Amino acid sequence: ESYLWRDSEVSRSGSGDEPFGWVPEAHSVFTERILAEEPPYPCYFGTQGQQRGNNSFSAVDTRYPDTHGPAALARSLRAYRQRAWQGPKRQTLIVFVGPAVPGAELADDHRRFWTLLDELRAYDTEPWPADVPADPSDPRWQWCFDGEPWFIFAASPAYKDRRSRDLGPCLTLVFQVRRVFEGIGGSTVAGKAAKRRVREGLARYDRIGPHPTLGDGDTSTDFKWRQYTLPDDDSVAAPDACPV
């Protein structure tokens, strides 16, 4: 019924040539990435959330869009939002989009990601937040669903130098509600300490440095969309080029 899974429920996602028959493998690669010991995954928060049982999963199967597509993901997002606002603050939803496409370029995976986020809006039950501009060209735009803005980023196997955003063979969407950042807002002492620690991790793991669009946390950053789909290099997209 529900396509929202905890780690122990993933194996029932699918088998074989079924819808989601590739999902257990995608899940297994993801957990190996973020639990690796040497070098450790740069985001220790994410590692800790996995070890502690606080990550949830879902998927989109491009071969079954009527049943295992954007409409179903929108249901899973609503169920996740409810779980994310209870119990531990540091929860993440990880969504695999598959099956994997051997040979896909990063730009192909980014286009897929934006099309998904665009499409999901049609299946929201709630009014768009009246304090968040709905127009993606606005500097204060953020992707919103079920009444609130989310934190969201795209992971792909086509990230070569920014290996931290290679989470396995599928386009992967990593969703969180703002609750995750309680106590470690970018302007707090703890929040700065967390940036230093993750950034040291990145230097160890990736071949390219942290991207310029990740700010210092002292103000709300304009054109947050850019952080959703970082390039594999140091280039900065035109602020008006959000594909939604």
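Just count from 1 along the sequence shown to find any residue number.
When the other compared entries with both flanking residues are checked, residue 219 is unmodelled in at least a third. The PDB entry reports B-factors from which the mean C-alpha value can be compared for 33 to 41 and 191 to 199; the larger average falls on 33 to 41.
Across the two stretches, 89 to 97 and 105 to 113, the PDB entry reports the greater mean Cα temperature factor for 105 to 113. Annotation for residue 131: CA B-factor lies in the middle third of the chain's modelled residues.
Among the modelled residues of the chain, residue 121 sits in the middle third by CA temperature factor in this PDB entry.
Residue 211 sits in the middle third of its chain by CA B factor, as recorded in the PDB entry. For residue 65, the recorded CA temperature factor ranks within the highest third of the chain's modelled residues.
Among all modelled residues in this chain, the alpha-carbon of residue 79 has a temperature factor (C-alpha) in the middle third.
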